[PDB]
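Only one chain is included here, represented as structure tokens and corresponding to the form deposited in one PDB entry.
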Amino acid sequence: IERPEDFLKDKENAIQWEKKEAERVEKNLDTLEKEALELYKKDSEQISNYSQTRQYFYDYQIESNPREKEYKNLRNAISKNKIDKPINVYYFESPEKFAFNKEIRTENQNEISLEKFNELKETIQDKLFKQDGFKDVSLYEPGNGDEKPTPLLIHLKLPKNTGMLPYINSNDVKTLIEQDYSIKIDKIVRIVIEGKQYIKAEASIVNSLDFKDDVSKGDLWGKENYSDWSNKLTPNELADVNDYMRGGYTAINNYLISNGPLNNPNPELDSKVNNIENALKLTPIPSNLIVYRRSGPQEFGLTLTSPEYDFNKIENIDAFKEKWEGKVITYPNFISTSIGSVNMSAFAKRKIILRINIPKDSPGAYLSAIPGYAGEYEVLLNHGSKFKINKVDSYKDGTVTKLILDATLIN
């Protein structure tokens, strides 16, 4: 191995090695992949932005989008070169990315008051932040002369077989990766560059299965882990689960939401909730997995008429963030989610997307593994589940702005 795991401050060696690696990897690229790279160096912004929200449209809108072809080829290009050993990378990020919607400091100021520091630390302490899309990173710590866009510097360790594309831009070398994981900030320290103070954050990666728009693959994973689930259930448990899916969900979830088990107990309904809950514990989720849910306004105390529901006006986004960002919401009812991220008719009008990170071994079941329910790619989560809303983002779907809530199931 002619390479360390981290070049640290050795800019000269990092560049010499990366320039060599760029020439080596270029030999494994197609005409189509090369072209995709050329489009990137021509307009990083557009491609990057597209790579972040691509999977939320209708399957057909994704397939026919002019940029989709570019995305796929550039993505293939990156996967072509999987590193044989771990490596650390560096890149500047905006504090808002981690729900810190205030400035750490200004360019004018050189120091960062302890007040800000501790506030950032408490904000991005122990939370999982999902990262998506293409990103340019550096193989050495930004020093003098280097571009320093923000006061927040991230130091990330990329696992062994992570895709990485080193390439020569104009005269210098750059590195391209595609984020497809969640980040964790293990530690932050104050450092000084060119006489100015910056925050360096030590980050770690946490992997999760996220099928995004590839529902076929998701369904395959679901069938393989839950095709025999029904056989593990007692006759009474299967009966209640079938009852639920067949239409019983209405009475049951209304009973739960109106808090009937304490305000108007119904033994026959309590029995069903119990059996379904037990059914969801027979085969806990086999690994970290991301699921999606398009929520109606009522789930967040709103109505299709509420003025706060119009996210086209930023004041309303700021209001929504102030109320929910960093908070935890509880669902008394069982919550159905999809392993797929794509939009579906009947959900076209919903403007809130709940992107949930479910920990390995959490209760839950892929209901769509039961014949007769193919088309929903449904993962049902247990009633009373709690979700911590880490970060709130937005994107435009046509003329309507929608929100994506990066959340994590906690229990």
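Start at 1 with the first residue shown and count on from there. For the two forms, the rigid core is made up of the largest set of C-alpha atoms that agree within 1.5 Å on superposition. Shifts are known only where both forms have a C-alpha.
Beyond the structure shown, there is the form solved in complex with a partner chain, which is absent from this document and is the topic of what follows.
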Seminar exercise, completed: Checking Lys34, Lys41, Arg350, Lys69 against its partner chain in the entry with it bound, the residue with a non-hydrogen atom inside 4.5 angstroms turns out to be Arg350
Seminar exercise, completed: Checking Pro86, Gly296, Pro284, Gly260 against its partner chain in the entry with it bound, the residue with a non-hydrogen atom inside 4.5 angstroms turns out to be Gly296
For this session: Considering its partner chain in the entry with it bound, find the one stretch among 380-388, 41-49, 25-33, 59-67 with heavy atoms no farther than 4.5 Å from it.
Result: 59-67
For this session: Mark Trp221 yes when one of its heavy atoms lies within 4.5 Å of a heavy atom of its partner chain in the entry with it bound, and no otherwise.
Result: no
Exercise. Do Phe92 and its partner chain share at least one heavy atom pair within 4.5 Å in the entry with it bound?
Worked result: no
Problem set entry | Partner proximity in the entry with it bound: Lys102 to its partner chain, non-hydrogen atom cutoff 4.5 Å | no
Exercise. Is there a heavy atom of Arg246 lying 4.5 Å or less from a heavy atom of its partner chain in the entry with it bound?
Worked result: yes
Problem set entry | Structural rearrangement between this form and the one not shown, runs of 3 or more with C-alpha shift of 2 angstroms or more, core superposed | 373-375
